[PDB]
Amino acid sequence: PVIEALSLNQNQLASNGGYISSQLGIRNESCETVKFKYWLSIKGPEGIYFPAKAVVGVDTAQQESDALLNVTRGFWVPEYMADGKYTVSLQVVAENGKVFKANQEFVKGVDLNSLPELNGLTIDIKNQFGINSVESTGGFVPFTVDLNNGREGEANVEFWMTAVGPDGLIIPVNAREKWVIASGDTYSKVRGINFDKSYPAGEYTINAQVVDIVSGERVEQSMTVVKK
């Protein structure tokens, strides 16, 4: 690796938001000097994406290279942004096109170390065997889905999954299903996606959504699989 790339001072914010301070480390392990560009960005719920940089005036700058690093950057997460899971991403693009990323999570207005949930309905969706990539010639990745209703009454849920990938692909992974889950019951399945040989190389976000139809609240779970 020509580059090795993050830690956050805290990983839990309340719904009123707060400040996250991040320590960025970029090491040049290789024999030669390396030129790269780097930045810090955030991905959140409800399609939020934002740069860690905030400015008091007009942003006039462009992405400058460095050459080889230890810097600290902090950002505010305002109350208005959605409650849920955020990913902070230090990203480095080396002159030769190799991309390096270091990611860490924080949560806003939900418990770290508890499952995602819709008011007692708990959502446990996982890459079953931790398969983070498949070959260009194709591969299959199964995902476990457990929707456990911890409420006193029955929960009316809707559930689907897509693979959001290269070339603007949005591949159906699970069609939209609707379930009435009794108090104390669980909806469980294993669902896989076959990445056909024909599908483009690159990064796919397996994106599960669960909706409580009565409250209208929606929660996402995103998992990444790379097709080489």
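All residue numbers are counted from 1 along the displayed sequence.
Peer 1: According to the PDB entry, how many deposited residues between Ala5 and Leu6 are absent from the model (none, 1 to 3, 4 to 9, 10 or more)?
Peer 2: Count of unmodelled residues in between: 1 to 3.
Peer 1: Should the segment between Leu68 and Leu69 be described as having none, 1 to 3, 4 to 9, or 10 or more unmodelled residues of the deposited sequence?
Peer 2: In the deposited sequence, 4 to 9 residues between these two have no coordinates.
Peer 1: Averaging only over Cα atoms, indicate whether 49-57 or 186-194 has the higher B-factor in the PDB entry.
Peer 2: Looking at the recorded C-alpha B-factors, 49-57 comes out higher on average.
Peer 1: Hey, which bit's got the bigger mean C-alpha B factor in the entry, 107-115 or 137-145?
Peer 2: Mean B over CA atoms: larger for 107-115.
Peer 1: Which of these has the highest Cα B-factor in the record: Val34, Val173, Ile170, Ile181?
Peer 2: Each of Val34, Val173, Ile170, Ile181 was compared by C-alpha B-factor; the highest is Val34.
Peer 1: Divide the modelled residues of the chain into thirds by Cα B-factor and specify which third, lowest, middle or highest, holds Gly150.
Peer 2: Ranked within chain, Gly150 CA B lands in the middle tercile.
Peer 1: Going by the recorded CA B-factors, say which third of the chain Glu158 sits in, lowest, middle or highest.
Peer 2: For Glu158, whose C-alpha B-factor we compare with every modelled residue in the chain, the answer is the lowest third.
Peer 1: What third of the chain, by the recorded C-alpha B-factor, contains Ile42?
Peer 2: It belongs to the lowest third of the chain when residues are ordered by C-alpha B-factor.
Peer 1: If you rank the chain by CA B-factor, which third does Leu24 end up in: lowest, middle or highest?
Peer 2: Tercile = highest for this residue's CA B-factor.
Peer 1: For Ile131, return the chain-relative third of its C-alpha B-factor as stated in the PDB record: lowest, middle or highest.
Peer 2: Lowest third of the chain for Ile131's C-alpha B-factor.
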